[PDB]
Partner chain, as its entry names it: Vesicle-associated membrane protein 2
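Only one chain is shown below, in structure tokens, and it's the form solved without its partner chain.
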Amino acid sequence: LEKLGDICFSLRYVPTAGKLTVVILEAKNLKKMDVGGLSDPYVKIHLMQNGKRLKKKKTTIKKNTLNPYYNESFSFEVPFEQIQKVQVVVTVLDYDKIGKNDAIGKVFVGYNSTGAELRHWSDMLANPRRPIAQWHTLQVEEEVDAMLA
């Protein structure tokens, strides 16, 4: 009920290759982050383990929209012996030309995930090589970061 918006992405894991693929599909219902009434959203993806940010990716920026479509794919190298102990963090931010780009909200999937986040990750693991798309509710960074730290 924090009213930040939602993000849709797919997950795919290939155990033999250790290839983890995340496709950022779209976000909707995003919080307004600029005085014009809109936002300029882009998405960051972090691969994490044990409180440490290991790798990062980011999408292009969409201007002046609360319902951006991306369709941008990213891949990480995670060995099968480690895939159950990592997190994938997905953050939507508002781009501002000057000043800190503030997060709208974020979610993570993987180790220590719960609810729909755990469901998505478990679905990915249960179906090697198969891409699984799912919606997630964005959550305030204060709360998500406390779980990741």
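Only residues modelled in both forms are compared. Residue numbers count along the first chain shown, from 1. If you superpose the two forms and keep the largest set of C-alpha atoms that fall within 1.5 Å, you have the rigid core.
The form deposited with its partner chain bound is left out here; the points below concern that form.
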Handout entry: Exercise: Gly99 in contact with its partner chain in the bound PDB entry, heavy atom 4.5 Å
Key = yes
Practice task
Look up in the bound PDB entry whether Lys31 has a non-hydrogen atom within 4.5 angstroms of its partner chain, and give yes or no.
Solution key: no
Handout entry: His46, heavy atom within 4.5 angstroms of its partner chain in the bound PDB entry
Key = no
Practice task
Scan 53 to 70 and write down, in order along the chain, each residue with a heavy atom lying within 4.5 Å of its partner chain in the bound PDB entry.
Solution key: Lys58
Practice task
Once the core is aligned, please say if the CA of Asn101 is shifted by at least 2 angstroms between this form and the one not shown.
Solution key: yes
Practice task
Using a rigid core alignment, state whether the CA of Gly115 is displaced by 2 Å or more between this form and the one not shown.
Solution key: no
Handout entry: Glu81 C-alpha moves between this form and the one not shown by 2 Å or more, core aligned
Key = no
Problem - Cα separation of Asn101 and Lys62 in the bound PDB entry versus here, shift of 3 Å or more - result: farther
Exercise for the section: Just say closer or farther for the C-alpha distance from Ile98 to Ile24 in the bound PDB entry, relative to the shown form; it changes by 3 Å or more. Expected result: closer
Exercise for the section: Name, in sequence order, the runs of three or more consecutive residues whose C-alphas all shift 2 Å or more between this form and the one not shown, counting only residues present in both forms and superposing on the rigid core. Expected result: 33 to 37, 97 to 101
